[PDB]
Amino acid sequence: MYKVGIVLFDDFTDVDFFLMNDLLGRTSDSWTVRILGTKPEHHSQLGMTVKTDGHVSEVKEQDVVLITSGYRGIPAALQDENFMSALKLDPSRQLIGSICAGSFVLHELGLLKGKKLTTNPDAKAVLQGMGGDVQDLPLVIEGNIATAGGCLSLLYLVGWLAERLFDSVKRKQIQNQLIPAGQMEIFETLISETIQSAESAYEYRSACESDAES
């Protein structure tokens, strides 16, 4: 059983959080999910209250760390030195992911220096100005780090976790509980291809790096 930590903060976007949490909860034999924050409770943009299971520092203990999003929440988090200093992430030993403006955090931690990433389309120009090499793609994989852009790209991000840790059967089991009735095959084509295309781009970039190193 893998340990998954979801990193939370005040004014997180409700739909991203609940969808992320719901997808991960669609399997009961894969992972244990803990909500990590800086306070006993955090509030969403709509004022929903979520209790934390532990401190942000506990990302150190996780097999998977996921950063959620928030229009006002993310900029506030970036300005919080204790939040940022707790997030000591190690891609050699952890899968690390983000949704929407969550990639701002991964960028500002230095985890994607010289690498590609994505975010929600409305946030792209700002992330570019912060030095992000932002692509107009739903999922961008760089080794054991993946960033996802636009809320529904959570299907790709969680599917990537399932593919990396388990297999396609697990992936399908999870996604099938959220997808539209009668469209299982349409969404399987979409999800499998989107993830595979992201892996293909990554392996190209890795190959170039190896070529350059040699």
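One rule holds for the numbers: they count along the sequence shown, beginning at 1.
Higher average CA B factor: 166 to 174, of the stretches 181 to 189 and 166 to 174.
Annotation for residue 23: C-alpha temperature factor in the middle third relative to the rest of the modelled chain, per the entry. Annotation for residue 207: CA B-factor lies in the lowest third of the chain's modelled residues.
In the PDB entry, residue 102 places in the middle third of its chain by CA B-factor. Ranked by C-alpha B-factor against the other modelled residues of its chain, residue 129 falls in the middle third. The deposited CA B-factor of residue 4 belongs to the lowest third of values across its chain.
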